[PDB]
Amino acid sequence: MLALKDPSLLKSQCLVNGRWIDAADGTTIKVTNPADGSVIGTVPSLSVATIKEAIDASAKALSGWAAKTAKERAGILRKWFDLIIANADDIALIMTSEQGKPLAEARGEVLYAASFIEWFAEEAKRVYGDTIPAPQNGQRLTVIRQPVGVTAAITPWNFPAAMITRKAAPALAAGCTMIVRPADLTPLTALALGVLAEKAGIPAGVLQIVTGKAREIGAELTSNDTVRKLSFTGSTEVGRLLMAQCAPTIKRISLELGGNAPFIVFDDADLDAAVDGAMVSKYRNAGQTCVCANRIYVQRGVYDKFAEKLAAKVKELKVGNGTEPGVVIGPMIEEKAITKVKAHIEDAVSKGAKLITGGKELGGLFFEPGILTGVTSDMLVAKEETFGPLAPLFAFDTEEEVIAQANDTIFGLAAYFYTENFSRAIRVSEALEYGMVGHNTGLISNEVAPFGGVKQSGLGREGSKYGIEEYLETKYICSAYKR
């Protein structure tokens, strides 16, 4: 058994219209611990019919949830926030168990996840409209914002709590309802957040958590007329399909998709700080975050020193079961993740790169953090996301050249650069074709800043003063009056 302070947090059922249900046909998905292969439990594999019932239940709850005051919805969301915080350790263990990441990371994610609920509880009261000077006398112009309505979220495995709250928080705050389908590999964290949602007083049908086959559930959420808005985080390939599948009813859509993050270290970097930044943006979550450094570009002058410093740190990383003290790298999520990191390694080396450390299988789903030197733009890793604990170090000579290579991608989520020079900070931060830029830091994640991509990395933003509008419609009211 998992050693949970509150064992009622671990669920084998879906949350549908305020009840916990199995699949009509009793079919299930096993959830296995990537550290040891042990079966944690099962979750339902819901049918389309049941998904349709969840959608009806969402539409039925919408009226009353939307008709509450912003202050009432905010009080309920703040209770949910407080409940998550009070149960952080349990939730962290569930997550580490199903996802792999070490408990300290899991715990960090829980607090981060919780912060969007807090932040959007506060935003709910700050959904401001406008009055606008009228071009004609005898008219008054107003703009109000109202909830889009029933909404759907589809979320990935790499951040099993935080990708959920980033969508459910602003949606519920705005007065919308939401149905969430968490990834098959990591549904238990979502279910636990659902237990606490119910305990918080989020009424029946406002929030629903459904598990089952991605394609069938995804196709119903995007074809059902009642759903007015989809938010998805995951691969670009699936994002492209979902946008197409929304087109017949012109659904509002938000997408956070693939990246190919460059991480640029200039000769006048604080080099030690650049090393610490690379370590956190490359090796957090075993390299499996959307914003992870994928390509580390280091200027000729500091290349050898940077590589040598990074090796000293990579060599100290403890790999193992996430519940074990001192482990900072967990197992990878699935075997095909390992194959891909291997293919990246083997391609680079066959093109002349040197695997200077690690990058080896350690048994089961465990993989050793590693570094390549001599990496160039003709290698696979230049164009494709590794999604694993591999640091490819690309030499460069000039700022122009690095900016050109950094932007030479269909993606545009996150980028990072280190420099102490004021002017270059301006040029490079502006020239980078990315939604998010870390300057002198590898950790850019919070709830107060808008998160998202340009180009093929997605649509819309999460967090911040800009997040809630993804779940609102703007209404212009033009009123004539007798003067």
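Heads up: residue numbers just count along the shown sequence, starting at 1.
Note on 78-86 vs 349-357: mean CA B-factor is higher in 349-357. Looking at mean Cα B-factors across 66-74 and 52-60, the upper value is held by 52-60.
By the numbers in the PDB entry, the CA B factor is greatest at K305 among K125, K305, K167, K229. Among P147, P262, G201, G326, the highest C-alpha B-factor in the deposited entry belongs to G326. When the modelled residues of the chain are ordered by their C-alpha B factor, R424 lands in the middle third. Ranked against the other modelled residues of its chain, the C-alpha B-factor of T474 as given in the entry falls in the lowest third. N137 sits in the highest third of its chain by CA B factor, as recorded in the PDB entry. Residue-level temperature factors show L459 in the lowest third of its chain, judged at the C-alpha atom.
Ranked by Cα temperature factor within the chain, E433 sits in the middle third according to the deposited record.
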